[PDB]
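# Breakdown of the fold
Listed here are the chains, written in short residue letters.
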Amino acid sequence: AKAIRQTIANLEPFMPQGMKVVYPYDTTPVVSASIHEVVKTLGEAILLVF
Amino acid sequence: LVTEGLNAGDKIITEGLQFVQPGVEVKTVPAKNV
């Protein structure tokens, strides 16, 4: 998904005037927050059992 | 021969058409080709 963002951000100095590229639907932050909360609760669990 | 969208006294880019797009400040020089 970062590579798709990088491809569009490397292509954007060549589009015609008046054309934006928008990202309406994107299940990247769902996966990112859903694994980040697991990493946070792993750290909280080991520190808390300590 | 043009009819609309281009009146008298205008300027037209005719050489050096690779680092240009509509919406950027570009300097001027008279054209090399006739």
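Residues numbered from 1 in each chain as written, not as in the entry; some residues may be left out. Chains lettered and ligands numbered in written order. Part of a larger assembly, values for the part shown. Heavy atoms only, no water.

Per the deposited record, determination of this structure is attributed to cryo-EM, with the resolution reported as 3.76 Å.

This next bit is on the overall build of chain A. Tallying secondary structure elements over chain A gives two helices and zero strands in all. For 50 residues, the compact-globule estimate of 2.2 N^0.38 gives 10 Å, and the C-alpha radius of gyration of chain A, at 18 Å, exceeds that figure by more than 25%. Scored against the burial criterion, the 50 residues of chain A give a buried share of 0%. Of the roughly 4,900 Å² that chain A leaves accessible, carbon and sulfur atoms contribute 68%. Of the side-chain charges in chain A, 4 are positive and 4 negative, and the distance between the mean point of each set is 6 Å. (Helix = DSSP H or I, 4+ residues; strand = E, 2+ residues; numbered from the N terminus. Rg over C-alpha atoms; globule rule 2.2 N^0.38 Å. Buried < 20%, exposed > 50% of the residue type's maximum accessible area, 1.4 Å probe, protein only. Areas by Shrake-Rupley, 256 points an atom, 1.4 Å probe, with all protein chains shown as cover. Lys, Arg positive; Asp, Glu negative; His and termini not counted. Charge placed at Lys NZ, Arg CZ, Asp CG, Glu CD.)

Here the focus is the pattern of salt bridges. It is possible for side chains of opposite charge to pair when their charged atoms get near one another. Residue and element names in this part refer to chain A. Across all of its chains, the model carries one salt bridge over all chains by this definition. The salt bridge involving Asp26 is made with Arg5; its shortest N-O contact spans 2.6 Å. Of the two residues, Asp26 sits in the loop between helix 1 (2–11) and helix 2 (29–49) while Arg5 sits in helix 1, which places them 21 residues apart along the sequence. For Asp26, a relative accessible area of 27% corresponds to the partly exposed category. The partly exposed category is assigned to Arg5, whose relative accessible area is 41%. (Salt bridge = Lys/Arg side-chain N within 4 Å of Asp/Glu carboxyl O.)

A few words now on helix 2 of chain A. For helix 2 of chain A, with 21 residues, the first-to-last C-alpha span of 29 Å sits near the 30 Å given by 1.5 Å per residue. By the criterion of burial, helix 2 of chain A is predominantly exposed, with just zero of the 21 residues buried. (Expected span 1.5 Å × (residues − 1).)

Attention now goes to the layout of surface pockets. As a volume, the largest pocket reaches approximately 510 Å³. Taken together, the residues of the lining of the largest pocket break down into eight nonpolar, three polar and four charged. (1 Å grid on protein atoms, 1.4 Å probe; cavity = no way out; pocket = protein on both sides within 12 Å on 5 of 7 lines; lining within 4 Å. Points joined across faces, edges and corners; volume = space filled by probe spheres on them. Nonpolar A, V, L, I, M, F, W, Y, C, P; charged D, E, K, R; others polar.)

Our next topic: a nonpolar patch on the surface. A contiguous nonpolar surface patch, about 460 Å² in accessible area, is contributed by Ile13, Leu17, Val20, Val24 and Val26 of chain B. The exposed category is assigned to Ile13 of chain B, whose relative accessible area is 59%. (Patch = residues over 30% accessible without salt bridge, like charges linked within 9 Å, V, L, I, M, F, W, Y side chains within 5 Å.)

Attention now goes to the environment of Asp26 of chain A. All names here are of chain A. In the structure, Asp26 is positioned 11 residues away from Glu37 in sequence and 19 Å away in space, judged by C-alpha atoms. Side chain to side chain, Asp26 and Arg5 meet in a polar contact 2.6 Å long. Separated by 2.8 Å, the side chains of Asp26 and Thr28 make a polar contact. (Polar contact = N/O pair within 3.5 Å; in protein donor to acceptor, adjacent residues only side chain to side chain.)

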